[PDB]
Amino acid sequence: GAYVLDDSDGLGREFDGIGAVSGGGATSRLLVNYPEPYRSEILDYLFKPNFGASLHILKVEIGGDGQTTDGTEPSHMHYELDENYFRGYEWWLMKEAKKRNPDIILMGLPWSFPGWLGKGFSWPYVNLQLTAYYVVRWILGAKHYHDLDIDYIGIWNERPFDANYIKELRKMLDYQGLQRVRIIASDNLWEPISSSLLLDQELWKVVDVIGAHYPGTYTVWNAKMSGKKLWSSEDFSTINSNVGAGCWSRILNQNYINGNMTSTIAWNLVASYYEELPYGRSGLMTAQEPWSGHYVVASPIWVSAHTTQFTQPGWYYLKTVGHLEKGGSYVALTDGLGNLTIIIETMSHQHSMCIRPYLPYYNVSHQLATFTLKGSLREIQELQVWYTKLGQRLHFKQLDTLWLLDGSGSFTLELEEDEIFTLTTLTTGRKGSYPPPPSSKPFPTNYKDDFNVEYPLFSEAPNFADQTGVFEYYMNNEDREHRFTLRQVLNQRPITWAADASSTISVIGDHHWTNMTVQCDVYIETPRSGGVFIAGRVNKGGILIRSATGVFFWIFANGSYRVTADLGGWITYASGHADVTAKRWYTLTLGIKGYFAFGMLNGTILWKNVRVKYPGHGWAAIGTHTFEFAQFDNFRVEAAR
Ligand SMILES: *[C@@H]1O[C@H](CO)[C@@H](O[C@@H]2O[C@H](CO)[C@@H](O)[C@H](O)[C@H]2NC(C)=O)[C@H](O)[C@H]1NC(C)=O
Ligand SMILES: *[C@@H]1O[C@H](CO)[C@@H](O[C@@H]2O[C@H](CO)[C@@H](O)[C@H](O)[C@H]2NC(C)=O)[C@H](O)[C@H]1NC(C)=O
Ligand SMILES: *[C@@H]1O[C@H](CO)[C@@H](O[C@@H]2O[C@H](CO)[C@@H](O)[C@H](O)[C@H]2NC(C)=O)[C@H](O)[C@H]1NC(C)=O
Ligand SMILES: *[C@@H]1O[C@H](CO)[C@@H](O)[C@H](O)[C@H]1NC(C)=O
Ligand SMILES: OC[C@@H]1[C@H](O)[C@H](O)[C@]2(O)CC[C@H]1N2
Ligand SMILES: [Ca+2]
Ligand code: NI
């Protein structure tokens, strides 16, 4: 089989870049507290040009205080009249990406919204101008406080759009001088956004990109008819073993070949969240042990580099792309300056399945591929070669240059299965390398945080991964013993993306912990009705946080306590009266060992030898009975795995 690569009959679509998502939700949570140099090395593998994944696009969640898959992410407006552009870690992340690549493209998209935007309903389209005001303030703050230009704004992640909202968002953007910001919709399925654009000229004018999720490499006729740029604005979401690398390799090529999609964006950027949370280890690489510094440059990093190091937003695909006779595919791109990049993939069915969708079997076998360069491409006589074999494996290895000196403008490759080749005229490719990082280590079995940081770099203490509610460093000047605490700051349920719990909760530590003693000072702010807890063996979080079981030691401001097996509190281990009121500091201790637990109030036994389910394992946790203010101090955990 010969394959003509040519440009004399014109180009295909403009290539818009490869990127990844930080957010939906708290996927970068454990990255912020990596020590140096590791934290910076990780960021280089992701964003430094001509090094690792060298990503063209960074998309981040616009935190809305709700649970959005592996945690919550804090909003810039927790309450009406509240504005704070320094919470969370997406600002930091975007700035670190821009430091390494000042041409990186930036995107924001909400998953959840603060509850007050709903005006009494869990719905963000009650007051269109109010919701658009909220979103636009985020884009303004990105520029005013971090010198970040947000390139694209989305609507509501995998949730219904409102056409009047999209029009209001455009009008509000323009009113604030943000004409440069483009709109992508609707970050869900091809429909109903695609037909809506064909039926509504005014909507068509204000939507710049149709972004679909997990499209299985195909699009639909209405989207082609729109004439809009089509993007796989969220894809991948597969474990970053070699099979995830294969999935990513295949769809990177075939999203354009099969579906006219000129950008693909992987969820997620880096797996910096506890692996036992939903969809664990589904990032382009792995960085989930800030305590140890261990990170893994997983195969998808080098699959990315085969495209990103050798294309840039603003190149064009050739019209001459397609599938290989015996399985796999090729794309080809130029920059209009005489450069050419050819990206070939032979991913086998068995080693490249994504979680969404699963493809019916297709065959891949050994084959020869002849490539002939016609048009303006006949005059090139030299190609750098980069090669990857997935499976023991060889990653992003540079082979000896290929020469086309015989004037036939033609060359031939022997392809097997699960291979990637990049043939390019660019000489700038590099398999970036840092020395290996520390070995993997479990979460420390003795761990303490007194939260005594006067000017913290991030708005929350390290390693606490909020799963409902939002927990923050808090300074109380009018108190000496508890001047620096950790406070739960939501006072009403968000407009939720997930099924957030009815109680707030932040989990920490080692999911495999089975015997443990958790201690924490707690402070209930709401008189009469308020309540807090500490917990151990918490076995589920993320979008499953409502499912979490464990051992939960609750105290309440009405003078009572409960011990439950579930966060929902449907299953009782023990309960009784306790000398507990609001607005007083108490020390809670919870001991769990084998079949039995005990609890202490101020170092005095409140209950003991209470039988609990065993075997069982899970994180330690803190939280509050509803969406209510409460403070925590002097946290300690000793645990056995
Ligand atoms: C979108 O991509 C498709 C292919 O995935 C383009 O489709 C036709 O594809 C066949 C074989 O795949 C070619 O023989 C035709 O020449 C293609 N059509 C045209 C008009 O050239 C399709 O053109 C693309 N749509 C765009 C770019 O709007
Ligand atoms: C291939 O791409 C390189 C990188 O853009 C091109 O080189 C640049 O060319 C522009 C003008 O076209 C200069 O202003 C830059 O200083 C060059 N930079 C580098 C790093 O070379 C190159 O012209 C393209 N074409 C070929 C055949 O290499
Ligand atoms: C957690 O504690 C339980 C309860 O003490 C441990 O289980 C006991 O282990 C000893 C020796 O390993 C056995 O002789 C007992 O019969 C076990 N008791 C029960 C009820 O199983 C368990 O090994 C501890 N696990 C860790 C990781 O420390
Ligand atoms: C795949 O194709 C090769 C060559 O045609 C053939 O020998 C092999 O049996 C096929 N495998 C399957 C599972 O169809
Ligand atoms: O595969 C899970 C993905 C991840 O959880 C992202 O948050 C999401 O936007 C919501 C579901 C899907 N896309
Ligand atoms: Ca303190
Ligand atoms: Ni488990």
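Just so it is clear, chain A uses Swiss-Prot numbers, and the residues here are 41-431, 435-684, in order.
So how was this one determined? The header says X-ray crystallography, 2.1 Å.
Placement of Cβ uses the backbone N, Cα and C atoms for every residue, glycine included.
Binding of substrate is attributed by Swiss-Prot to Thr109, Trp151, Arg396, and the same site annotation extends, among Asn197, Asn204, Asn228, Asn308, to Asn197.
Sequence-distant neighbours of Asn601 (N-linked glycosylation site) (same chain, six or more apart, CB under 8 Å from its CB) are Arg571, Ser572, listed in sequence order. Ranked by how many other Cβ atoms sit within 10 Å of their Cβ, the disulfide-bonded residues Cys287, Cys394 place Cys394 at the bottom. Long-range Cβ contacts of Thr109 (substrate binding site) within its own chain (separation 6+, distance under 8 Å): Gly64, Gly65, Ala66, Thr67, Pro318, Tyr319, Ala541, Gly585, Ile586. Its Cβ placed at the centre, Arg396 (substrate binding site) has 14 other Cβ atoms within 10 Å.
When the active-site residues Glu198, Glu274 are compared by the number of other CB atoms within 10 angstroms of each CB, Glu198 has the fewest. Cβ-based crowding with a 10 Å cutoff singles out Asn197 as the top-ranked of the recorded positions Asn197, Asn558. In this structure, the glycosylation sites that sit close to ligand 3, with a C-beta under 6 angstroms from any of its atoms, are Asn558, chosen from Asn403, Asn558, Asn645.
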